[PDB]
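Source file: upload38.txt. Holds: compact mmCIF, C-alpha atoms and all ligand atoms.
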# COMPACT_ATOMS: atom_id res chain seq x y z
CA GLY X 16 57.66 43.17 -9.12
CA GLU X 17 53.94 42.29 -9.03
CA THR X 18 51.99 44.83 -11.10
CA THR X 19 48.69 42.86 -11.44
CA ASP X 20 45.51 44.87 -10.65
CA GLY X 21 44.01 44.16 -7.21
CA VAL X 22 44.03 45.12 -3.54
CA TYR X 23 47.38 44.85 -1.67
CA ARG X 24 48.61 44.99 1.91
CA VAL X 25 51.20 47.60 2.89
CA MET X 26 53.60 45.92 5.32
CA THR X 27 56.66 46.96 7.36
CA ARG X 28 59.50 45.10 9.11
CA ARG X 29 60.77 48.17 11.15
CA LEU X 30 58.57 47.24 14.14
CA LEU X 31 58.13 43.79 15.86
CA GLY X 32 57.63 40.95 13.32
CA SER X 33 55.87 42.00 10.09
CA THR X 34 53.24 44.69 10.76
CA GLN X 35 50.47 45.78 8.38
CA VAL X 36 50.32 49.61 8.29
CA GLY X 37 47.73 49.94 5.48
CA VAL X 38 46.25 48.69 2.19
CA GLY X 39 46.17 49.96 -1.44
CA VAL X 40 44.83 49.55 -4.99
CA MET X 41 46.87 48.57 -8.03
CA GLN X 42 45.21 49.80 -11.24
CA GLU X 43 46.66 50.60 -14.68
CA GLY X 44 50.22 50.19 -13.27
CA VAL X 45 49.67 52.76 -10.47
CA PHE X 46 49.62 51.94 -6.72
CA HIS X 47 47.09 54.08 -4.82
CA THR X 48 47.01 54.43 -1.03
CA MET X 49 46.45 56.98 1.77
CA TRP X 50 49.22 59.47 2.62
CA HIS X 51 49.26 58.64 6.37
CA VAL X 52 50.06 54.93 5.53
CA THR X 53 53.45 55.45 3.78
CA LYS X 54 54.19 59.16 4.61
CA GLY X 55 55.30 59.36 0.93
CA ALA X 56 58.13 56.80 1.43
CA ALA X 57 59.29 54.39 -1.34
CA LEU X 58 57.68 50.96 -1.52
CA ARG X 59 59.13 47.56 -2.37
CA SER X 60 57.30 44.88 -4.42
CA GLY X 61 59.53 41.81 -4.30
CA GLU X 62 62.82 42.85 -5.91
CA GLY X 63 61.19 45.91 -7.59
CA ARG X 64 60.74 49.44 -6.29
CA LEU X 65 57.74 51.80 -6.41
CA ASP X 66 58.56 55.49 -6.21
CA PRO X 67 56.03 58.15 -5.18
CA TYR X 68 54.60 60.20 -8.08
CA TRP X 69 51.86 62.42 -6.65
CA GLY X 70 50.74 63.11 -3.08
CA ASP X 71 48.83 65.55 -0.89
CA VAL X 72 48.56 65.57 2.95
CA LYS X 73 45.19 67.47 2.95
CA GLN X 74 43.41 65.02 0.58
CA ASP X 75 45.36 62.22 2.44
CA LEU X 76 46.21 60.43 -0.82
CA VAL X 77 49.39 59.28 -2.63
CA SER X 78 50.13 57.53 -5.99
CA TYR X 79 53.17 55.43 -7.06
CA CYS X 80 54.62 54.88 -10.58
CA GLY X 81 52.13 57.31 -12.19
CA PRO X 82 49.28 59.77 -11.69
CA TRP X 83 46.04 58.99 -9.74
CA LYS X 84 43.86 56.69 -11.99
CA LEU X 85 40.73 56.19 -9.85
CA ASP X 86 37.82 58.48 -10.77
CA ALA X 87 34.53 56.60 -10.12
CA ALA X 88 32.19 58.44 -7.70
CA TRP X 89 29.40 57.40 -5.22
CA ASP X 90 25.99 58.11 -6.84
CA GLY X 91 24.55 59.43 -3.53
CA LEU X 92 21.81 56.77 -3.44
CA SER X 93 23.12 53.22 -3.65
CA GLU X 94 24.76 50.82 -1.23
CA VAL X 95 28.52 50.32 -1.62
CA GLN X 96 31.05 47.68 -0.56
CA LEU X 97 34.12 48.19 1.59
CA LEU X 98 36.62 45.57 0.51
CA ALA X 99 38.25 45.46 3.96
CA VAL X 100 41.74 43.94 4.23
CA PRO X 101 42.35 43.83 8.04
CA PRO X 102 45.76 43.01 9.57
CA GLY X 103 46.32 39.23 9.56
CA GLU X 104 42.82 38.58 8.17
CA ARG X 105 41.43 37.72 4.71
CA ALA X 106 39.94 40.31 2.30
CA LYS X 107 36.18 40.49 2.95
CA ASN X 108 33.45 42.60 1.30
CA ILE X 109 31.09 44.49 3.64
CA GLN X 110 27.95 46.11 2.18
CA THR X 111 26.62 49.41 3.58
CA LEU X 112 24.61 52.49 2.73
CA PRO X 113 26.92 55.49 3.23
CA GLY X 114 26.08 58.60 5.21
CA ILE X 115 27.13 62.18 4.42
CA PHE X 116 29.96 64.43 5.67
CA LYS X 117 28.61 67.99 5.15
CA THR X 118 31.60 70.37 4.77
CA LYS X 119 32.02 74.09 3.82
CA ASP X 120 33.31 72.87 0.39
CA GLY X 121 30.47 70.43 -0.40
CA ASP X 122 29.30 66.99 0.74
CA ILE X 123 31.24 63.69 0.74
CA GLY X 124 29.93 60.14 1.23
CA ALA X 125 30.99 58.42 4.45
CA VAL X 126 31.02 54.78 5.62
CA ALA X 127 30.36 53.90 9.28
CA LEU X 128 32.44 50.74 9.64
CA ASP X 129 34.97 49.99 12.39
CA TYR X 130 38.31 48.35 11.62
CA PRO X 131 41.95 48.36 12.92
CA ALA X 132 43.91 51.45 11.74
CA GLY X 133 46.03 49.12 9.54
CA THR X 134 42.92 48.61 7.34
CA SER X 135 43.48 52.27 5.99
CA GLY X 136 43.60 52.35 2.19
CA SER X 137 40.98 49.59 1.71
CA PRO X 138 38.89 50.41 -1.39
CA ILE X 139 35.17 51.28 -1.45
CA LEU X 140 33.34 49.90 -4.53
CA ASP X 141 30.17 50.53 -6.53
CA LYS X 142 27.96 47.66 -7.99
CA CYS X 143 30.21 47.70 -11.13
CA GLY X 144 33.32 46.90 -9.02
CA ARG X 145 34.77 50.37 -9.62
CA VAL X 146 36.81 52.04 -6.86
CA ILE X 147 34.82 55.12 -5.74
CA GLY X 148 37.23 55.97 -2.87
CA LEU X 149 39.52 54.66 -0.11
CA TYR X 150 38.72 54.02 3.62
CA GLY X 151 40.83 55.40 6.46
CA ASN X 152 40.26 59.16 6.92
CA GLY X 153 37.33 60.44 8.93
CA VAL X 154 36.05 61.17 12.42
CA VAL X 155 35.15 59.55 15.80
CA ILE X 156 31.60 60.33 16.94
CA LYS X 157 30.27 60.68 20.56
CA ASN X 158 29.67 56.93 21.32
CA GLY X 159 33.26 56.12 20.21
CA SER X 160 32.42 54.56 16.80
CA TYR X 161 34.33 55.43 13.58
CA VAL X 162 32.97 57.13 10.41
CA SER X 163 35.34 57.29 7.38
CA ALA X 164 34.95 59.58 4.37
CA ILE X 165 34.79 57.89 0.95
CA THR X 166 38.10 59.58 -0.14
CA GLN X 167 38.59 59.95 -3.90
CA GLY X 168 41.44 61.56 -5.86
CA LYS X 169 41.30 63.51 -9.13
CA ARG X 170 42.17 61.90 -12.49
CA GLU X 171 44.17 64.40 -14.61
CA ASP M 50 61.30 49.87 4.61
CA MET M 51 57.76 49.10 3.39
CA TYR M 52 56.60 46.37 1.02
CA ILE M 53 53.39 45.28 -0.73
CA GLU M 54 51.69 41.82 -0.84
CA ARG M 55 48.69 40.95 -3.05
CA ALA M 56 45.49 40.43 -1.02
CA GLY M 57 42.88 39.81 -3.77
CA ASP M 58 40.76 41.02 -6.68
CA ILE M 59 38.58 44.08 -6.50
CA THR M 60 35.08 42.69 -7.23
CA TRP M 61 31.57 43.35 -5.91
CA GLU M 62 30.39 40.27 -3.91
CA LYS M 63 26.69 39.41 -4.34
CA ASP M 64 25.10 38.46 -0.98
CA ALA M 65 27.87 40.04 1.14
CA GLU M 66 27.30 40.84 4.88
CA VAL M 67 25.16 44.05 5.03
CA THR M 68 26.00 46.22 8.10
CA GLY M 69 26.55 49.85 9.22
CA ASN M 70 24.38 52.97 9.51
CA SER M 71 24.29 56.24 7.34
CA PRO M 72 24.91 59.26 9.66
CA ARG M 73 24.70 62.88 8.40
CA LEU M 74 27.61 64.71 10.10
CA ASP M 75 28.71 68.37 10.02
CA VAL M 76 32.55 68.18 9.68
CA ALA M 77 35.65 70.41 9.09
CA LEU M 78 38.88 69.47 7.24
CA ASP M 79 42.15 71.07 8.43
CA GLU M 80 45.49 71.68 6.56
CA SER M 81 46.92 68.47 8.12
CA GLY M 82 44.13 66.40 6.46
CA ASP M 83 42.40 65.69 9.77
CA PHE M 84 38.59 65.82 10.06
CA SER M 85 36.78 67.18 13.11
CA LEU M 86 33.10 67.36 14.19
CA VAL M 87 31.58 70.83 13.77
CA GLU M 88 29.26 71.77 16.64
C1 LIG X 201 40.98 52.59 14.49
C2 LIG X 201 40.06 53.51 13.66
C3 LIG X 201 39.32 54.53 14.55
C4 LIG X 201 39.04 52.64 12.90
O1 LIG X 201 38.14 52.00 13.41
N1 LIG X 201 39.37 52.66 11.59
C5 LIG X 201 40.37 53.61 11.33
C6 LIG X 201 40.89 54.01 10.11
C7 LIG X 201 41.83 55.02 10.12
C8 LIG X 201 42.30 55.58 11.30
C9 LIG X 201 43.33 56.66 11.35
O2 LIG X 201 43.84 56.97 12.42
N2 LIG X 201 43.56 57.33 10.19
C10 LIG X 201 44.41 58.45 9.99
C11 LIG X 201 45.59 58.56 10.73
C12 LIG X 201 46.44 59.63 10.53
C13 LIG X 201 46.06 60.64 9.65
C14 LIG X 201 44.88 60.54 8.92
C15 LIG X 201 44.02 59.47 9.11
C16 LIG X 201 44.75 61.73 8.02
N3 LIG X 201 45.71 62.67 8.62
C17 LIG X 201 46.78 61.90 9.27
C18 LIG X 201 41.75 55.16 12.52
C19 LIG X 201 40.79 54.18 12.53

Kindly return the structure encoded in the file as structure tokens.
Ligand SMILES: CC1(C)C(=O)Nc2ccc(C(=O)Nc3ccc4c(c3)CNC4)cc21
Amino acid sequence: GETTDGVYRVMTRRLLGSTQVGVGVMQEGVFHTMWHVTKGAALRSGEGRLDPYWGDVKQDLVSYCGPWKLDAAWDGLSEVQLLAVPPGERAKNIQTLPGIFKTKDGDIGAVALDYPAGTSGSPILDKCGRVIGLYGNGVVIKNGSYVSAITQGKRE
Amino acid sequence: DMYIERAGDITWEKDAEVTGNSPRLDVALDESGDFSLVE
């Protein structure tokens, strides 16, 4: 099916009507998304089929048709863009300065933007347009707002 | 059965809407891939 690079919606017809469960990135022939969006299930792209290739529940990432290709990283200083693809709404870039998730295994950038759960898998970009991570896995702070980690995979 | 639909190009947009704060949070990551606030 469609293998052109770009951001894509992950849809399902199992529920009422057509429901958007997430978003993903097509790059170098590989579809990248978050694990909790597909649960590792096969994907359809028109008549074609995309089979899972690599995945990990702890990282919350999954790749289709090949290994993880995205390896750009947040520089720890600059503003980034969340290319949000919300359910039923047009792709729209949102600029923000990320915060930090301090963990026992190092620090990770984090974006404090609130979107429907179906926006999970939307890419976070640097000024060069490179995907530095995906949106959709983080925490809910005291006032009820959402903070997502800038989740990046490893390129082998 | 899940399917994919193209939603656009991945490009940086000059003069995009600038919003959101930068909080420094102490967090923990469990085996299920779920984050939690460390207190
Ligand atoms: C609605 C709200 C708060 C929001 O504003 N944006 C998002 C984005 C993602 C989720 C989300 O639930 N993500 C998730 C679900 C399941 C699992 C993981 C992550 C990683 N382990 C299993 C929620 C939100």

- Residues within 10 Å of ligand LIG 201 (chain X) should be enumerated using only C-alpha atoms and all ligand atoms and returned as a PyMOL selection string. (chain X and resi 37+49-52+54+72-76+101+127-137+150-156+159-164) or (chain M and resi 78-84)

Write a file of the selected residues as a PDB file, keeping the file's coordinate frame, keeping C-alpha atoms.
ATOM      1  CA  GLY X  37      47.730  49.940   5.480  1.00  0.00           C
ATOM      2  CA  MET X  49      46.450  56.980   1.770  1.00  0.00           C
ATOM      3  CA  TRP X  50      49.220  59.470   2.620  1.00  0.00           C
ATOM      4  CA  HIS X  51      49.260  58.640   6.370  1.00  0.00           C
ATOM      5  CA  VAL X  52      50.060  54.930   5.530  1.00  0.00           C
ATOM      6  CA  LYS X  54      54.190  59.160   4.610  1.00  0.00           C
ATOM      7  CA  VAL X  72      48.560  65.570   2.950  1.00  0.00           C
ATOM      8  CA  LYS X  73      45.190  67.470   2.950  1.00  0.00           C
ATOM      9  CA  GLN X  74      43.410  65.020   0.580  1.00  0.00           C
ATOM     10  CA  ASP X  75      45.360  62.220   2.440  1.00  0.00           C
ATOM     11  CA  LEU X  76      46.210  60.430  -0.820  1.00  0.00           C
ATOM     12  CA  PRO X 101      42.350  43.830   8.040  1.00  0.00           C
ATOM     13  CA  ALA X 127      30.360  53.900   9.280  1.00  0.00           C
ATOM     14  CA  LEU X 128      32.440  50.740   9.640  1.00  0.00           C
ATOM     15  CA  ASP X 129      34.970  49.990  12.390  1.00  0.00           C
ATOM     16  CA  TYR X 130      38.310  48.350  11.620  1.00  0.00           C
ATOM     17  CA  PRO X 131      41.950  48.360  12.920  1.00  0.00           C
ATOM     18  CA  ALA X 132      43.910  51.450  11.740  1.00  0.00           C
ATOM     19  CA  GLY X 133      46.030  49.120   9.540  1.00  0.00           C
ATOM     20  CA  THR X 134      42.920  48.610   7.340  1.00  0.00           C
ATOM     21  CA  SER X 135      43.480  52.270   5.990  1.00  0.00           C
ATOM     22  CA  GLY X 136      43.600  52.350   2.190  1.00  0.00           C
ATOM     23  CA  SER X 137      40.980  49.590   1.710  1.00  0.00           C
ATOM     24  CA  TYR X 150      38.720  54.020   3.620  1.00  0.00           C
ATOM     25  CA  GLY X 151      40.830  55.400   6.460  1.00  0.00           C
ATOM     26  CA  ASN X 152      40.260  59.160   6.920  1.00  0.00           C
ATOM     27  CA  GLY X 153      37.330  60.440   8.930  1.00  0.00           C
ATOM     28  CA  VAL X 154      36.050  61.170  12.420  1.00  0.00           C
ATOM     29  CA  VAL X 155      35.150  59.550  15.800  1.00  0.00           C
ATOM     30  CA  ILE X 156      31.600  60.330  16.940  1.00  0.00           C
ATOM     31  CA  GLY X 159      33.260  56.120  20.210  1.00  0.00           C
ATOM     32  CA  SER X 160      32.420  54.560  16.800  1.00  0.00           C
ATOM     33  CA  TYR X 161      34.330  55.430  13.580  1.00  0.00           C
ATOM     34  CA  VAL X 162      32.970  57.130  10.410  1.00  0.00           C
ATOM     35  CA  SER X 163      35.340  57.290   7.380  1.00  0.00           C
ATOM     36  CA  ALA X 164      34.950  59.580   4.370  1.00  0.00           C
TER      37      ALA X 164
ATOM     38  CA  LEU M  78      38.880  69.470   7.240  1.00  0.00           C
ATOM     39  CA  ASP M  79      42.150  71.070   8.430  1.00  0.00           C
ATOM     40  CA  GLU M  80      45.490  71.680   6.560  1.00  0.00           C
ATOM     41  CA  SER M  81      46.920  68.470   8.120  1.00  0.00           C
ATOM     42  CA  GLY M  82      44.130  66.400   6.460  1.00  0.00           C
ATOM     43  CA  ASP M  83      42.400  65.690   9.770  1.00  0.00           C
ATOM     44  CA  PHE M  84      38.590  65.820  10.060  1.00  0.00           C
TER      45      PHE M  84
END

Practice prompt. Have a look at atom CA of residue X:47 and atom CA of residue M:65 and let me know their distance in Å, one decimal.
Written response: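 Going from atom CA of residue X:47 over to atom CA of residue M:65 covers 24.5 Å.
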
Counting only C-alpha atoms, which residue out of M:58, M:64, M:75, M:88 sits closest to residue X:23?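 Closest candidate: M:58.
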
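Minimum atom-to-atom distance to chain M, evaluated using only C-alpha atoms, belongs to X:116 out of X:81, X:86, X:69, X:116.
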
Determine, for each residue of chain X having at least one atom at most 7 Å from an atom of chain M, the closest pair of atoms and their separation in Å to one decimal, counting only C-alpha atoms; order by chain and ascending number, as a Markdown table.
| residue | atom | partner | partner_atom | distance |
| --- | --- | --- | --- | --- |
| X:21 | CA | M:58 | CA | 4.6 |
| X:22 | CA | M:57 | CA | 5.4 |
| X:23 | CA | M:55 | CA | 4.3 |
| X:24 | CA | M:54 | CA | 5.2 |
| X:25 | CA | M:53 | CA | 4.8 |
| X:26 | CA | M:52 | CA | 5.3 |
| X:27 | CA | M:51 | CA | 4.6 |
| X:28 | CA | M:50 | CA | 6.8 |
| X:29 | CA | M:50 | CA | 6.8 |
| X:58 | CA | M:51 | CA | 5.3 |
| X:59 | CA | M:52 | CA | 4.4 |
| X:60 | CA | M:53 | CA | 5.4 |
| X:72 | CA | M:82 | CA | 5.7 |
| X:73 | CA | M:82 | CA | 3.8 |
| X:74 | CA | M:82 | CA | 6.1 |
| X:75 | CA | M:82 | CA | 5.9 |
| X:96 | CA | M:61 | CA | 6.9 |
| X:106 | CA | M:56 | CA | 6.5 |
| X:108 | CA | M:65 | CA | 6.1 |
| X:109 | CA | M:66 | CA | 5.4 |
| X:110 | CA | M:67 | CA | 4.5 |
| X:111 | CA | M:68 | CA | 5.6 |
| X:112 | CA | M:71 | CA | 6.0 |
| X:113 | CA | M:71 | CA | 4.9 |
| X:114 | CA | M:71 | CA | 3.6 |
| X:115 | CA | M:73 | CA | 4.7 |
| X:116 | CA | M:74 | CA | 5.0 |
| X:117 | CA | M:75 | CA | 4.9 |
| X:118 | CA | M:76 | CA | 5.5 |
| X:127 | CA | M:69 | CA | 5.6 |
| X:128 | CA | M:69 | CA | 6.0 |
| X:140 | CA | M:61 | CA | 6.9 |
| X:142 | CA | M:61 | CA | 6.0 |
| X:143 | CA | M:61 | CA | 6.9 |
| X:144 | CA | M:60 | CA | 4.9 |
| X:153 | CA | M:84 | CA | 5.6 |
| X:154 | CA | M:84 | CA | 5.8 |

Open item on the list: Need to verify the contact set: residue X:139, 6 Å, all atoms listed in the file, exclusion of same-chain residues closer than 4 positions in sequence. Can you return it as a list in words?
Closed with: residues 96, 97, 146, 147, 148 and 149 of chain X

Correct to one decimal, the distance atom CA of residue X:121-atom CA of residue X:90 is 14.6 Å

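Between atom CA of residue X:35 and atom CA of residue X:95 there is a distance of 24.5 Å.
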
So which residues touch residue X:46 within 10 Å, counting all atoms listed in the file, skipping near sequence neighbours fewer than 4 positions away, as a ChimeraX atom specification? /X:18,20-23,39-42,58,65-68,77-84 /M:53

Residue rebuild result stretch 53-67 of chain M, N, CA and C atoms as an mmCIF file, in the coordinates of the input:
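Output file result-v4.cif is given in full below:
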data_model
loop_
_atom_site.group_PDB
_atom_site.id
_atom_site.type_symbol
_atom_site.label_atom_id
_atom_site.label_comp_id
_atom_site.auth_asym_id
_atom_site.auth_seq_id
_atom_site.Cartn_x
_atom_site.Cartn_y
_atom_site.Cartn_z
ATOM 1 N N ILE M 53 54.766 45.609 -0.416
ATOM 2 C CA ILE M 53 53.390 45.280 -0.730
ATOM 3 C C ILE M 53 53.206 43.767 -1.044
ATOM 4 N N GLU M 54 52.053 43.228 -0.628
ATOM 5 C CA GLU M 54 51.690 41.820 -0.840
ATOM 6 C C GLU M 54 50.283 41.777 -1.401
ATOM 7 N N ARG M 55 50.033 41.018 -2.482
ATOM 8 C CA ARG M 55 48.690 40.950 -3.050
ATOM 9 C C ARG M 55 47.693 40.345 -2.089
ATOM 10 N N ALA M 56 46.511 40.973 -1.921
ATOM 11 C CA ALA M 56 45.490 40.430 -1.020
ATOM 12 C C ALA M 56 44.186 39.981 -1.730
ATOM 13 N N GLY M 57 44.037 40.283 -3.019
ATOM 14 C CA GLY M 57 42.880 39.810 -3.770
ATOM 15 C C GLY M 57 42.417 40.690 -4.912
ATOM 16 N N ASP M 58 41.341 40.265 -5.582
ATOM 17 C CA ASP M 58 40.760 41.020 -6.680
ATOM 18 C C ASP M 58 39.781 42.017 -6.129
ATOM 19 N N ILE M 59 39.565 43.096 -6.873
ATOM 20 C CA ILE M 59 38.580 44.080 -6.500
ATOM 21 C C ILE M 59 37.325 43.751 -7.300
ATOM 22 N N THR M 60 36.358 43.089 -6.644
ATOM 23 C CA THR M 60 35.080 42.690 -7.230
ATOM 24 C C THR M 60 33.945 42.909 -6.241
ATOM 25 N N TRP M 61 32.762 43.229 -6.753
ATOM 26 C CA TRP M 61 31.570 43.350 -5.910
ATOM 27 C C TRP M 61 31.122 41.897 -5.583
ATOM 28 N N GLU M 62 30.817 41.610 -4.315
ATOM 29 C CA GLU M 62 30.390 40.270 -3.910
ATOM 30 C C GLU M 62 28.886 40.266 -3.701
ATOM 31 N N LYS M 63 28.136 39.507 -4.519
ATOM 32 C CA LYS M 63 26.690 39.410 -4.340
ATOM 33 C C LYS M 63 26.430 38.636 -3.044
ATOM 34 N N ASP M 64 25.437 39.069 -2.270
ATOM 35 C CA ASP M 64 25.100 38.460 -0.980
ATOM 36 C C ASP M 64 26.227 38.594 0.050
ATOM 37 N N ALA M 65 26.848 39.783 0.124
ATOM 38 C CA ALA M 65 27.870 40.040 1.140
ATOM 39 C C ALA M 65 27.156 40.472 2.440
ATOM 40 N N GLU M 66 27.863 40.429 3.583
ATOM 41 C CA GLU M 66 27.300 40.840 4.880
ATOM 42 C C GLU M 66 26.961 42.341 4.855
ATOM 43 N N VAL M 67 25.682 42.679 5.068
ATOM 44 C CA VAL M 67 25.160 44.050 5.030
ATOM 45 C C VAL M 67 25.105 44.644 6.448
#
